[PDB]
Structure formats: structure tokens, C-alpha cells
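Q: Experimental structure below, sequence on top.
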Amino acid sequence: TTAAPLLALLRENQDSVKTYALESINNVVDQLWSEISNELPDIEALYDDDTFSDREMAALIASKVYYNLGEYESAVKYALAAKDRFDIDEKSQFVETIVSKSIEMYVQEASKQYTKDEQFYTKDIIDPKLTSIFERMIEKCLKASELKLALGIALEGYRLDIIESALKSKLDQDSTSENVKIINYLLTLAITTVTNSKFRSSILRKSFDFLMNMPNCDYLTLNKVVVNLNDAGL
Amino acid sequence: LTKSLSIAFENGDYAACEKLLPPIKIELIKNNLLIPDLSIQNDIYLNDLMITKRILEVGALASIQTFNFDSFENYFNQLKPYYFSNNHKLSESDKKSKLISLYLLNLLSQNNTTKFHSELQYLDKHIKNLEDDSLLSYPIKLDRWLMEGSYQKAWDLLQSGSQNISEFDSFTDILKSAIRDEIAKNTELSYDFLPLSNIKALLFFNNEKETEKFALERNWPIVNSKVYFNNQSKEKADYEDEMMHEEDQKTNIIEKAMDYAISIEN
Amino acid sequence: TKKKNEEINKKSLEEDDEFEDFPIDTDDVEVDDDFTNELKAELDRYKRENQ
Amino acid sequence: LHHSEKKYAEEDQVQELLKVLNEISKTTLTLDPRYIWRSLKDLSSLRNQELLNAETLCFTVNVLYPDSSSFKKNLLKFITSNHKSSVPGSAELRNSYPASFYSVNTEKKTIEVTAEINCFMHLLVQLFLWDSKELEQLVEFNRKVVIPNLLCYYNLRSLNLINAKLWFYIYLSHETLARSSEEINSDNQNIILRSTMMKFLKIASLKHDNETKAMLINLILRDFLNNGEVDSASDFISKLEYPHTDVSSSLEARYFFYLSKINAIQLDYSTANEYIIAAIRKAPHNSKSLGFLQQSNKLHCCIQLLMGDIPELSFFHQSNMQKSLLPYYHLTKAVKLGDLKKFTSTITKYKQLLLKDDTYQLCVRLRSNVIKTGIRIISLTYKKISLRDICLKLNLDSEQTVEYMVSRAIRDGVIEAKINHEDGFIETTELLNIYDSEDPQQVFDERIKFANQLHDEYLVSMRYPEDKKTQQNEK
């Protein structure tokens, strides 16, 4: 259909017709996506006003419009603007476009700010929406329950608590050897991947006590940690 | 309720119509749920679509006369896909024909020959011989004489348009003004001097004093019965020359050597 | 056999070939100017001479 | 007799199938499967005709089928059902080998090797449908099936290269029904066709498949054109993303034609000139692409005359395209001789033919162009001419009328003159010696820059195949 009808519905003066127009647009937002792209200022204008009880909806419409056009940055920021109604994306596997975007961006910021203070996450320097999204993609990896995925996203972003906490929940000594092998990968991964001097050292030192905790543990794995830090005290 | 609007138009108070339209817009949500939004038509559905169109139609027409551009464009916007859909069964009317004419005349008045030709392609099959050319003929003729650039024919058509006015006057008055600016441009490149009479005759003013008045508004001085196109035109180019975009657009010969080298050495 | 898919696909977008549809349904202009010139030369001449 | 030929036909398909299967299932060697897949289509369409066309039926019977059997029955039903040992799985010659697909393990769901074989079957059916000219029930059924079949998958780049062909027949089949035959329902399902193309288009950026993305843009634009939505096309192309990288030069020619058409009607002729010339070059010039060429050469001429350029009379003559370009020839002359009345009769006479290609609406604009040209002839021939003399020359009504044609024309610089009111004549003003001026410098500069671009394209292309060869073992 022409998108043309909707665009005129938005142009009417009174707020009442404008509010209604949103709903009809949202069911045809991906169909007619191409036409509406040209009409991005109206979508922004609706959002700015505070009369609308569909203010969240309007930001979400824009979000959609921006990713299809190909401006990925503007889309993810608009995703946290709405905040809610982002539910639809969380439970659809055909649009995880904005979510995946969120991780790429979030980690790059976090790595840079690690060097300043390593508790950057516990500060609100990170936006509060993003803090919620990051922990929920970690949760999807845990759903599949291979712990390696969970560890890998955090290893790149130089999250120090997450490396620790993952290992503590898999301390349970069902078989001591299996526990040890997931650690074997993690020690190796971190040398060849992590170059940032501070992040790497720190998780290595923590992992030494985690192996020592188990009364029975392979020591090939363990020896690597001590010689790398080269602390006689260890 | 829905009929109160139809009778408000005939009364003649077209401001009553406008004040009544925010209430009837709420009822336009209901008409929309009745129709499946253009996804299959049946005999339940043809009535429903019909009521939706009646409300819009007297609104289209009312807005035009009250020079309220916004409302007209929207109402019309809706009318367009509805009429376009489907096979004939009641999807054309006398009201359609009038509405498209008025629409095309707005586009001629904004001087947007770009959209007009495109809009004509979209419309094409419906106006070929199933509304024909009767009222729609008025802008088609009008485009033809100004492309040829016989301003004499064009002008004559608007005045003689008096016997055709039905609400056409909202585009027709404007379309005179548009003619004056196109001609005004032309006559500069040709010459520098016209007598008083000649200025009036080309631009089609009916008053000689109104001529001289227009000349000041057009930023032309007429002195001792002669235009002196010489001033402003030169002034404008000198003013245009100061701006900022500006080095690569103007093109420097210096720049040509610099750009050539870095191509090679890359 | 590779190019062939494309040749058939183009034809179909045209529909048939118009090429053969048209016959089923249904300064090179410059006259010899010698003839006109003959007339011109003679009329001018008659007057010129007896002037 | 029958049995023999059917079998033979069957064998041939099976050979081809295994080879392309091997290639894909043994690492990503992408180019090789793709080049192969295009040639196979031609080969398959050519095959069917002889060795009997129940090659398909045989092959379906003898796979680990999911609903291909159910499909096949629908196909036989349209064109009258028969039974001659066509019960699904009446043929077992698979015989528990992985090669032709291990019968037991597929059924259990410990392996699913049916995947690409089902995709391939849908391709064979589509292809066979259009060749045959089987329509109605099948088209609908086929469209229905395949759309959810693709959305079950979460495609690989290699599998997407394959649906890059399937959507062209999907588009085309829908159109054939819409084109035969008036329906309200055709109109309704045109909306739905757009919608799905657009959905698949967003996905194919992320999947990084240049081939698929291109194809979809060809289809969508063509759709806007038929229903005459120029506005829709103009918006769609400007979020430009169409790659010239992986795509066939067959596809490039179609793409550039759509560009040209939309520019034509809004009076932009500068951009339309270049795109049109390119599609001519790009197109393979062969016996059956000749239809495309004809349609295009009718447009290219229109674009030129509108610009104000005059196409050769020589061109139409020595071409093997003479007869179709008969109307065209009459227009070219009519503008040249500057006769308005003849122009008017000519487009009326040819009205039906022109109208099909929809170049007719362009022809109507060509009414101005006749007159304008006549005013250039007069300026060139006679530098200083009383305005009285032009009126007689072009048969125009009065002194005031010619005033008005020249005046509009010199704004556009066609004539390039100025009227001298006082003296009561017109002066040509273009009087050459632009050498002395800075002008040649400007001219050459563009040429120099253009060479450089051709160099970079040349350099780039040349080196790439060597690299692949050198790495590979070679004697």
C-alpha cells in the first residue's frame, strides 16, 4: 500500500489523531519501511513531546527505521530510549540486529575504561540500559549451557567479576578433571587473546586459588599460572 | 453524527465543517476496522469503504476553499489508494474527477513539474477514458502551453477559466503570479531596456501604476519610462561569489596539479 | 549453457519479442534540386538580360 | 522404450547433483558451485524436452522425500493423474550408501542430508513450470510452499546464492496470472509480493550476499514501474546499496535500464544518457537477448531527442532492427524539419504501438521540442533577422507569439540569442573563439581525471586471478 495515507494521518494538528496513527504504522513498519525513511523528523517530533502515552512506541518505530536504512548506531541508542517495547526484539530470533549491535559497542567502551579504573561497571559511567542488556546476552549463552561462550564475551570486554563468578558456579566437583579442563582453555585463551597487561595478570592470579581450592587437581594447568606471574610467593 | 457533516457542507458554512471534523475523526477509527484494509472486497465491505470516502470528500473540498492545504493533502492521500483498488464496482465518481483536477492545479502552482509528471503516470489508466479528459483537461492543456513557452496562450486560459471556476479559483489566482515570475526572468537575458508599456504587456498587468509598483518588488528600478535591469543582476552574482563550499566548486588550476600527483603516488 | 539461462530470462521480461509482433500487426529526403534550379536560373536571366 | 529414456534422463541429473553436492560439502570453494549451478539450469531446461519429462517423477520417488512426494502429486493432478508405479518410495536404488543417501539413518533424524536436495527439487519444479506453461493451482501452491520452506532455514551464504535464482521465477509466475486476466485478488496479492521481497532484502545485507541483494532490487523496482509508482521508485533507489561486484553483467543491464526509465519522465536527461549507454554495452549481444536490446534502443533514442541531440538517420538503416524502429525514424525527421502538424499526425498514427512500451507519454513532451529546434535552425542560418521573417518561416500566428517562444528558449540556452527590441531584430551571440578564454583548460581536466579512473580499474582486475593460480600447485 502507499504509506502516503499514514503520513497524512501524522500531519493532522490535534494530538488525538496523531496517537492513533502510531499503532497502524507499527504493524506495517517493516513492509513500507522504504517510504517512511524519508520521514524521520516527524517520528522524532512525536517522541520529543510528553503528551503521548505512545512515546515509547514512537521511539521504537524510529529505531526500526534507522537500522533498515543502515545507520546502526542511531538504532541501538533509540532502542534504550524507548527502553520497554524492546521485549518484541528480545523474544524474536529474526531481529536480534539491535541486540548484537549493543554487545559490540558496549565491550569496546568497557575495555578502554578498564585501564582507568577496573571497577568501571560498578560506576554508572556505563549507561544503565546497557548494563541490563549485556547481562541478558550472557544469560542466553548460559541457556545453551556451555560456559565457554559466557567467559569469551566477558574476556574481551575485560570484565573481571564475570570471569571469577563463572568459575565459582562450576566449582561443584562432580568430576574434578572436567572442571579442570574448562580452566585449561581459559588460561590458554587469555594469553593468546588478552594482551592488556593488567586484565590478564589479574584473572590469572585469581584462577590459581580456584584450582588450589579443589583438593585434587592437575598441576600442568597450575604450573602455567605460577611461572607467568613469576611470584615466588605463589 | 456521520450525516451531520455531509449536511454542514451544503449549508455553506465551511468553517462549521472544520470544527466538526475532530469528533468525526474519532469515528473514522471504526470505519477502518470495518474494512479489512484493502485485502479482499465483498458486498459487506463495499458499503463500509463508501462511508469512509463521503466524510473525507466534503472535507477535501471544504479545506480547499478555506485555503487549508494540510487537510486537503491528507484527505486526498487516503482517497487515492481507495479509488486505485481494485476493479470497477464503485471506485470512481464525479467527485474523483474534480478532486484530481484540483490536485494537479496545486502542483502547477507550487511549480513542481517534477512530481506532476510522475503523479500523471500513477493516475494514468484511470483517467485515459474511464474519467476521460473533461475537467482533468484544464491542467493538461496548461502544462502544454508553458512548455512551448507561449505565455499568451497560457494567460488567456486562466481568465477564460472564469466560466469553469467551481473552486478552481484557489489555484488559478496563484497561477497568474507564477507566470509573472517566469517571464520576468527571461526578459533580463534578452535586453536591458523596455519601455513602460512593454513591461505591462508581457507581464499582463492591467494598470500601468501597478506595473511600476511590481518593478520595485521585483527589485528593478524603472526610471523615466525605462527599466534598468543592469543593477541587481550584477549585484547578485557579486553577492553569490562570497559563500563557503567554495574552492572545489569554483575549481582552481593550482588544485589540479595537487590532486593529479597524489593519485599516482598512492 | 551457462549464458543460455540468462538469454531466455531476458526474453520473458520483454514478453515474446515485440520484434516480430510489429510486422504481424501491421540530407536523404532532399529532392533533386537540379529541376528547381533550372527554373530559377531562367526567370532571373530573362529580366537581367533585358534590363 | 519409455522406461529406457526416462532412466537415462534420471541418470544425467543424478550425476550433476552429486558433483555439486560434493563441492559444497567439502569446505567453502564458493565460486566453483555458483558457476556450475548457472550452467546446470540451462542444461536442465534443455534436457527435459527430450529423454521424456517424467525424469522428475522418477527422481522424487527415489529420494528420502519430506513433502516433495505431496508436491509432485499436486503437479501430476493439475495435468491429469496417472499411476504406473509412482507410489512414493516405489523405487529403492538408494540402497543404504551415504553417497545417494543412507536410507535408514535419514528417516530416524540422526542425520538430515535432505536439506539442499529439497531446495534443489523446488528449483527443478519452478524451472519445469515456466518451460511447460503450467499455471493456476501450481503457481499458488508453489509460492505458498517455498516461502515458509525458506523461512524454516537460516541460510548459509551458499544456500542464498541458490535462492537468488528461485525468487526471479517466483516474481515472474505471479505476474503471468496477473497479466492474463483481471482479478481483484491480483491487486490484493501485489501488496504481499512487495512486502516479502522487502523483508528478504534486509536480511541479505547481514548475510553478506551481494548476489541476492542485487536480484531483489531488480525485482522491486520493476514492480514500481508496472503500476506506475514513479515516486516509490525514486525513493527506493536513493538508499542505494546495489553492488556491481559479484553480480552478472546480465543483471547490470537490467538494473541501469530501470534507472534510466525513472529519470526520463521527470526531465532529468543528463543522468539518463549515461546509464542507458551503459546498459547497451553491458548486455550480452545475442540472438535471444535481442528482445531486450530492441526495447532499450527505442528508449535510448527518446532520451537523446529530449536532451535536444539528434540521433543519426544512418543508425536505424544499417541496423538489423530496421523494421521495429520504423515509428522512430519518423519522429527523428519530424523534429528536424520542424513541422508541427506532421508531428501531431505521426504520434496519433503510432499511438497503439508506442503505448505498450509506455514511451507514448514521452512523445507528448516531444511536441515542444519540434518548435524549439526550428528556432535554432533560423538563428544559425541567419544571424540578424527581423522578427516578422521568423513568423512566416514557422507559420506562427503573430509577432507577440514568436516573442514568447524565443524568450523561453534562451533561458535554457538552446538558441543562445538575445532579442533586441529597439532595433526589431534578433542577434546570435555564440560567436566562438573560446580558445582565448580559460575554457579548454576546464575541458581537458575532465579527460585527464577520467583516464586515471580507467587505470585503477585496469590495474586492479589484472593481478587477482594470478594470485589464486600461483598459490595453487601447478606444474
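A: In hand now; what should we look at? Numbering: from 1, shown residues only, chains lettered A, B, ... in the order given.

Q: From residue D:64, how far off is residue D:104?
A: Distance of residue D:104 to residue D:64, computed by CB to CB, to the nearest Å: 10 Å. For every residue, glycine as well, the C-beta is placed using N, CA and C.

Q: Indicate the residue of chain A located nearest to chain D.
A: In chain A, the residue that lies nearest chain D is residue A:31 (4.4 Å; CB to the nearest CB).

Q: Skipping its backbone neighbours, what lies nearest that residue in space?
A: In this structure, residue A:31 finds its nearest non-sequential neighbour in residue D:195, 4.4 Å apart by CB to CB, 6 or more residues apart in numbering or on different chains.

Q: can you pull the buried residues of the helix or strand harbouring that neighbour?
A: Using DSSP states H and E, residue D:195 falls within helix D:184-206. Judged by neighbour count (16 or more other CB atoms under 10 Å in any protein chain shown), helix D:184-206 contains these buried residues: D:186-190, D:193-204.

Q: For the chain, which segments are assigned as strands?
A: By default, I'm working from chain A. Applying DSSP state E to chain A gives no strands.

Q: Wait, chain D was what I had in mind.
A: With strands called from DSSP E, chain D shows them at D:384-386, D:417-420, D:425-428.

Q: Could you export the ones you listed as TSV, including distance to residue B:130?
A: Shown next, in TSV, are those (distance: least, CB to CB, whole Å):
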stretch	distance to residue B:130
strand D:384-386	48
strand D:417-420	45
strand D:425-428	47
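
Q: Nearest to chain A, out of those strands?
A: Nearest to chain A, of all the strands of chain D, is strand D:417-420, at 41.4 Å by CB to the nearest CB.

Q: That closest one pairs with which strands, parallel or anti?
A: Paired strands of strand D:417-420, with direction, are strand D:425-428 (antiparallel) (DSSP bridges).

Q: List the contacts of the strand it pairs with.
A: D:379-380, D:383-387, D:390, D:406, D:416-420 (CB atoms under 8 Å, 6 or more residues apart in numbering or on different chains).

Q: Just the buried positions in it, please.
A: Here strand D:425-428 shows D:425, D:426, D:428 as buried, counting by 16+ other CB under 10 Å.

Q: Next: stretch D:130-137.
A: D:130, D:134, D:135.

Q: What parts of the stretch 301-450 of chain D come near chain B?
A: By CB under 8 Å from any CB of the partner chain, the part of the stretch 301-450 of chain D that sits against chain B consists of D:361, D:365, D:367-368, D:371, D:400-401, D:403-405, D:407-411, D:418-422, D:441-442, D:445, D:448-449.

Q: Can you name every helix or strand that the one helix or strand residue B:53 maps to contacts?
A: Using DSSP H and E, residue B:53 maps to helix B:45-65. Packing partners of helix B:45-65 (3 or more CB pairs under 8 Å, 6 or more residues apart in numbering or on different chains; DSSP states H and E): helix B:2-11, helix B:14-34, helix B:69-84, helix B:94-110.

Q: Those: which one's closest to chain C?
A: Between chain C and those, the shortest gap by CB to the nearest CB is with helix B:69-84, which sits at 23.8 Å.

Q: residue in chain B nearest to chain C?
A: In chain B, no residue comes nearer to chain C than residue B:125, which is 18.2 Å away by CB to the nearest CB.

Q: which SS class is that residue?
A: Using DSSP: H, G, I helix; E, B strand; the rest coil, the structure places residue B:125 in coil.

Q: Including mean neighbour count and distance to chain A, could the helices and strands packed on helix B:45-65 go into TSV?
A: Listed next are those as TSV, based on neighbours: other CB atoms under 10 Å in any protein chain shown; distance: least, CB to the nearest CB, whole Å:
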stretch	mean neighbour count	distance to chain A
helix B:2-11	13	16
helix B:14-34	15	5
helix B:69-84	19	3
helix B:94-110	20	13
